[PDB]
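Before any comments, here is the structure.
Note on naming: letters A, B, ... go to the chains in the order of the sequence lines (proteins, then strands), and numbering restarts at 1 for each one. Scope of the values below: all heavy atoms of this structure, side chains included, with no hydrogens, waters or symmetry mates.
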Amino acid sequence: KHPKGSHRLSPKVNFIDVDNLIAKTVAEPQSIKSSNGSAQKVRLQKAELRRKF
Amino acid sequence: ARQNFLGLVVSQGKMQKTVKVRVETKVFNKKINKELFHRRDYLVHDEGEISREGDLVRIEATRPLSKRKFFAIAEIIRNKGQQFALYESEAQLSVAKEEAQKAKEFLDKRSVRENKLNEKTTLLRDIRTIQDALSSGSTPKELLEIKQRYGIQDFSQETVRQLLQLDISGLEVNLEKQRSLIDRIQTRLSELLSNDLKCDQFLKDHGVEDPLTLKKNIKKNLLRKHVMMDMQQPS
RNA sequence: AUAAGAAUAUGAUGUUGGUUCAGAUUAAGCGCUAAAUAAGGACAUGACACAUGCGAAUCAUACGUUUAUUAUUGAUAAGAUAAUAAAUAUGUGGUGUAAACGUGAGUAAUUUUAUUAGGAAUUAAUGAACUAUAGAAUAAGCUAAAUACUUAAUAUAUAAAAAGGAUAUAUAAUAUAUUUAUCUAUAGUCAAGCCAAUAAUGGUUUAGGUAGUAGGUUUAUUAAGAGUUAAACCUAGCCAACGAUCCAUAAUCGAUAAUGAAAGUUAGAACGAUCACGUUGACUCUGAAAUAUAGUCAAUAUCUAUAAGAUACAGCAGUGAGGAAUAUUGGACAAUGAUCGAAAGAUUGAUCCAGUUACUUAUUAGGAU
RNA sequence: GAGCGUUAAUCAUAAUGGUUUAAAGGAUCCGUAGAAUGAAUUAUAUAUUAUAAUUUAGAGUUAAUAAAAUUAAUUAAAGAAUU
RNA sequence: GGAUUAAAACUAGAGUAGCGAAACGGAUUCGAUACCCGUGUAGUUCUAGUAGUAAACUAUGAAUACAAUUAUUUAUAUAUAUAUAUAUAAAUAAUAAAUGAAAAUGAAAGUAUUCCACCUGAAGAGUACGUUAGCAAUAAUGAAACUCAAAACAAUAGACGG
RNA sequence: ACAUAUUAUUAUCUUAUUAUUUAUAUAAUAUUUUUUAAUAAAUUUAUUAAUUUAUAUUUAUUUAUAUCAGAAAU
Ligand SMILES: [K+]
Ligand SMILES: [K+]
Ligand SMILES: [K+]
Ligand SMILES: [K+]
Ligand SMILES: [K+]
Ligand SMILES: [K+]
Ligand SMILES: [K+]
Ligand SMILES: [K+]
Ligand SMILES: [K+]
Ligand SMILES: [K+]
Ligand SMILES: [K+]
Ligand SMILES: [K+]
Ligand SMILES: [K+]
Ligand SMILES: [K+]
Ligand SMILES: [K+]
Ligand SMILES: [K+]
Ligand SMILES: [Mg+2]
Ligand SMILES: [Mg+2]
Ligand SMILES: [Mg+2]
Ligand SMILES: [Mg+2]
Ligand SMILES: [Mg+2]
Ligand SMILES: [Mg+2]
Ligand SMILES: [Mg+2]
Ligand SMILES: [Mg+2]
Ligand SMILES: [Mg+2]
Ligand SMILES: [Mg+2]
Ligand SMILES: [Mg+2]
Ligand SMILES: [Mg+2]
Ligand SMILES: [Mg+2]
Ligand SMILES: [Mg+2]
Ligand SMILES: [Mg+2]
Ligand SMILES: [Mg+2]
Ligand SMILES: [Mg+2]
Ligand SMILES: [Mg+2]
Ligand SMILES: [Mg+2]
Ligand SMILES: [Mg+2]
Ligand SMILES: [Mg+2]
Ligand SMILES: [Mg+2]
Ligand SMILES: [Mg+2]
Ligand SMILES: [Mg+2]
Ligand SMILES: [Mg+2]
Ligand SMILES: [Mg+2]
Ligand SMILES: [Mg+2]
Ligand SMILES: [Mg+2]
Ligand SMILES: [Mg+2]
Ligand SMILES: [Mg+2]
Ligand SMILES: [Mg+2]
Ligand SMILES: [Mg+2]
Ligand SMILES: [Mg+2]
Ligand SMILES: [Mg+2]
Ligand SMILES: [Mg+2]
Ligand SMILES: [Mg+2]
Ligand SMILES: [Mg+2]
Ligand SMILES: [Mg+2]
Ligand SMILES: [Mg+2]
Ligand SMILES: [Mg+2]
Ligand SMILES: [Mg+2]
């Protein structure tokens with residue numbers, strides 16, 4: 001018998017799915033939004049570079 | 001993984017669900033340039049209270065269970081402590097029975113000796129009446145009684161010789177038979193080995209298959225097993 | 001891998017044995033002496049007391065407030081409205097100060113340090129503040145007004161939110177567009193809590209110690225285990241001559257410094273890592289995290305405004321004191337960083353430089369005849 | 001040598017030691033712990049260790065045979081001499 | 001940790017011839033709190049205890065493996081043409097080798113292994129203080145400061161010796 | 001001996017503050033709630049001040065426990 005209140009087995013290792021990590025962390029913009037603004041254009045470029053990296 | 005240690009249970013039954021386990025680890029002592037064993041006693045959780053003092057167990061790290069308890073019993077590698085408890089209980093019953101039997105065999109022996117001390121008749125005197133009545137023809141009722149004191153219904157010269165037999169005589173004949181067997185076994189094997197042809201035949205006669213193709217030790221053992229199967233099984 | 005001895009006993013000899021010397025070094029002081037330059041250091045002592053000036057501000061594009069001009073209105077000029085250009089940070093608001101800097105008092109470890117390819121309770125509806133993506137941003141009240149605060153609405157058992165401002169254009173205050181902010185969710189990044197194993201000074205002329213003490217069960221509390229805290233009920237344990245308990249002393253350590261052939265020994269100033277503290281003690285609030293250099297009360301000291309007041313230089317410079325002994329009441333935000341701001345920019349005794357001082361290191365300090 | 005000296009300190013400079021007679025064998029033995037040390041063969045293992053089986057050279061047990069009359073404790077006696 | 005542990009000493013009860021701290025006397029001597037003599041108490045003895053100390057010495061902890069000889073005893077065994085002879089151990093003595101400052105050790109003080117105790121200049125000091133134990137005397141444990149460059153052992157050659 | 005300073009401890013004494021926990025109010029505020037005046041508007045309704053009613057949030061006093069600190073003892 002293992003101690004009462006304790007888990008008999010060790011917690012399961014968490015294996016990372018790089019496809020899922022990429023999808024949740026650096027997801028692509030869902031729509032091709034209209035970045036007519038100067039600040040919107042700068043942000044779009046920075047987001048694209050950061051996602052590529 | 002969780003840190004596991006091997007140790008000997010050194011205390012049990014003093015705390016509820018807790019045992020003390022002695023863990024010895026190997027360390028290097030630079031000062032004396034020697035690999036030493038370092039010892040430490042662990043307070044260990046025993047959920048099932050199965051372990052016993054003297055057992056060899058494996059303890060595994062767990063969550064904090066008390067101020068000083070951080071390990072639990074994970075397996076009984078050797079259960080010498082549990083065996084001690086079982087053998088002690090059995091010994092009490094086993095010894096009581098034997099002592100009772102021996103006490104009854106001592107009182108019985110005492111009674112027989114007391115009974116014999118109540119019979120004034122003595123072996124010498126009784127054997128002097130069975131040898132005078134057998135040489136004179138008189139048959140006083142004492143003889144009939146003597147035929148009950150000893151069970152010797154018939155009074156002949158070959159009945160007093162069987163009333164006075166000493167165990168030593170039997171030992172002397174058993175010893176001669178023992179010596180004969182040993183001497184015969186040795187002479188038989190000694191001769192067999194001297195004659196390889198008679199040896200090869202000997203093995204085949206006793207049921208060996210191609211004894212010729214055998215080693216000295218692999219075949220001398222067969223000869224020894226056979227010579228001791230021709231002088232101890234037939235006798 | 002790199003390992004040297006010497007002087008001193010004795011009448012003389014051999015040996016034992018201590019003492020001292022030859023080497024290197026310093027967080028050095030002192031005596032005598034002293035040229036320039038470059039670089040590295042500088043209160044180890046009283047966590048003693050401190051005159052004076054500085055070391056934390058910033059935002060006017062959150063809300064208010066104040067001018068000037070022009071136009072319209074006001075049949076006489078007090079005011080109102082809008083545009084434009086300024087002013088206001090002694091009014092309400094936001095962000096910033098849990099860092100950095102300084103110091104080493106406490107701390108010998110239920111707490112601190114170091115280490116491990118350690119662990120679970122198998123750690124919160126925590127994001128602190130950037131990144132990627134998606135969605136949302138509603139109604140009242142209170143204040144003079146609001147991006148203040150309060151109460152509601154709707155948003156992943158379901159719970160739990162919000163905020164507008166600036167600039168254009170079109171409308172008749174509203175709508176779009178741009179720009180900068182607000183809120184929520186998911187992941188990443190940064191970053192937290194808890195536990196084990198092992199190691200960490202001297203004294204036993206400190207030998208017995210312990211009574212929540214050792215263990216079990218249950219509730220409360222927490223994101224979370226556990227006599228961690230609080231409550232209840234049980235068992236009689238737990239530590240200790242391989243040194244318990246107690247006392248004294250001390251911030252710890254390194255791929256740092258010193259020394260040695262090396263194992264080691266020493267230091268812990270300088271460089272870096274960790275811990276603790278910001279006159280002393282406890283407590284509370286906010287918060288993911290604080291017994292916070294905050295707040296509350298008390299203690300000690302000082303001060304002026306005499307108040308249930310303010311201050312506490314272990315921030316920089318500096319002064320008195322103590323001591324053998326350790327420096328300028330300097331310059332600059334040019335560089336690297338940090339905070340605030342949409343930006344323009346503002347602030348920065350962080351920092352960068354210089355000053356003082358042979359404290360250390362290095363170079364030079366005239367060659368041929 | 002722009003230092004030199006001196007004081008205060010640190011490291012190094014002999015245990016690749018000793019205890020009849022020079023500092024130092026505990027009065028003696030018994031025996032507990034020892035994180036002290038310790039036989040043989042073979043087979044495994046994760047290996048100078050562990051386990052299992054097996055062995056008798058250390059250490060013991062019981063007899064047999066021979067030998068010896070001491071050392072403890074207790075009780076019972078003797079002797080020369082002395083006053 | 002335990003047990004045992006000379007002599008002296010102590011606590012009780014017996015004993016007390018001889019011996020004999022002390023004490024009191026006689027001598028010796030310049031003096032004689034001595035050496036010698038006398039009277040001689042405690043003690044020396046026994047029983048029941050306390051205490052755990054000695055130059056308690058081989059000034060040498062215990063165990064195991066091993067190394068060259070001789071002599072002399074002892075023990076066991078063997079043999080005989082019966083009284084010796086031959087073997088294997090122990091003890092003791094003198095040695096080789098080896099070790100050692102040497103004197104010497106000699107089966108260890110040699111060659112090795114294992115475990116325990118103990119030492120780290122002299123003096124202060126086995127003292128002080130504390131603690132534990134004891135009826136007590138005491139026993140165990142056991143420092144530091146100050147001062148010094150000493151201090152000690154074996155051996156050598158002398159000098160000296162009632 | 002002892003006179004001092006420092007620290008620690010407590011079956012003791014006093015105790016700021018705080019946390020937790022009691023009891024109380026003709027306590028305050030908001031809402032609800034029962035009525036009652038005054039006032040106002042319109043021609044019943046609203047507002048204000050009271051009373052009744054519960055509810056939540058506070059406040060004052062109060063009970064108990066713990067607590068900085070000081071006192072006494074050691
Ligand atoms: K528990
Ligand atoms: K000299
Ligand atoms: K010397
Ligand atoms: K110097
Ligand atoms: K702004
Ligand atoms: K400073
Ligand atoms: K410190
Ligand atoms: K906007
Ligand atoms: K200690
Ligand atoms: K300094
Ligand atoms: K700057
Ligand atoms: K010696
Ligand atoms: K002992
Ligand atoms: K006498
Ligand atoms: K002797
Ligand atoms: K010994
Ligand atoms: Mg020197
Ligand atoms: Mg400089
Ligand atoms: Mg200082
Ligand atoms: Mg404005
Ligand atoms: Mg303001
Ligand atoms: Mg800080
Ligand atoms: Mg809104
Ligand atoms: Mg509003
Ligand atoms: Mg708000
Ligand atoms: Mg709300
Ligand atoms: Mg003392
Ligand atoms: Mg619990
Ligand atoms: Mg506790
Ligand atoms: Mg309790
Ligand atoms: Mg300190
Ligand atoms: Mg160190
Ligand atoms: Mg240190
Ligand atoms: Mg410094
Ligand atoms: Mg603090
Ligand atoms: Mg403080
Ligand atoms: Mg504070
Ligand atoms: Mg200060
Ligand atoms: Mg300063
Ligand atoms: Mg001075
Ligand atoms: Mg400045
Ligand atoms: Mg130089
Ligand atoms: Mg050395
Ligand atoms: Mg020795
Ligand atoms: Mg001895
Ligand atoms: Mg001795
Ligand atoms: Mg034997
Ligand atoms: Mg007597
Ligand atoms: Mg006399
Ligand atoms: Mg005794
Ligand atoms: Mg003595
Ligand atoms: Mg002695
Ligand atoms: Mg003797
Ligand atoms: Mg023995
Ligand atoms: Mg003594
Ligand atoms: Mg001599
Ligand atoms: Mg207190």
Practice prompt. For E119(B), enumerate each residue passing the salt bridge (charged side-chain N to carboxylate O under 4.0 Å, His left out) test, keeping only those at least two apart in sequence or located in another chain.
Written response: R149(B)
Practice prompt. For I168(B), look at atom CD1 and say whether over 12 heavy atoms of other residues, nucleotides or ligands are found less than 6.0 Å away.
Written response: no
Worksheet item: Just wondering, more than 12 heavy atoms not from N217(B) lying within 6.0 Å of its CG?
Response: no
Fill in: More than 12 heavy atoms from other groups under 6.0 Å of NZ on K219(B)
yes
Discussion item. For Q162(B), is the CD atom crowded, meaning more than 12 foreign heavy atoms sit under 6.0 Å from it?
Written reply: yes
Fill in: Within 6.0 angstrom of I32(A) CD1, more than 12 heavy atoms from elsewhere
no
Worksheet item: Should we say atom CD of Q148(B) is surrounded by more than 12 heavy atoms from elsewhere, each under 6.0 Å from it?
Response: yes
Short of 3.5 Å, which donor-acceptor contacts do chain B and chain A share? List atoms and distances.
| from | atom 1 | to | atom 2 | distance (Å) |
| --- | --- | --- | --- | --- |
| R2(B) | NH1 | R8(A) | O | 3.3 |
| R2(B) | NH2 | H7(A) | O | 3.3 |
| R2(B) | NH2 | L9(A) | O | 3.1 |
| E47(B) | OE1 | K4(A) | N | 3.0 |
| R63(B) | NH1 | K4(A) | O | 2.9 |
| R63(B) | NH1 | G5(A) | O | 3.3 |
| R63(B) | NH1 | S6(A) | OG | 3.0 |

Worksheet item: In terms of heavy-atom contacts, does CD of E172(B) have more than 12 from other residues, nucleotides or ligands at under 6.0 Å?
Response: no
Worksheet item: Which residues in residues 179-211 of chain B have any heavy atom lying under 4.5 Å from a heavy atom of chain A?
Response: none
Worksheet, complete the sentence: Residue pairs meeting ring-ring contact (aromatic ring centres under 6.0 Å, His included), one or both in residues 24-47 of chain A, sequence neighbours left out, come to none
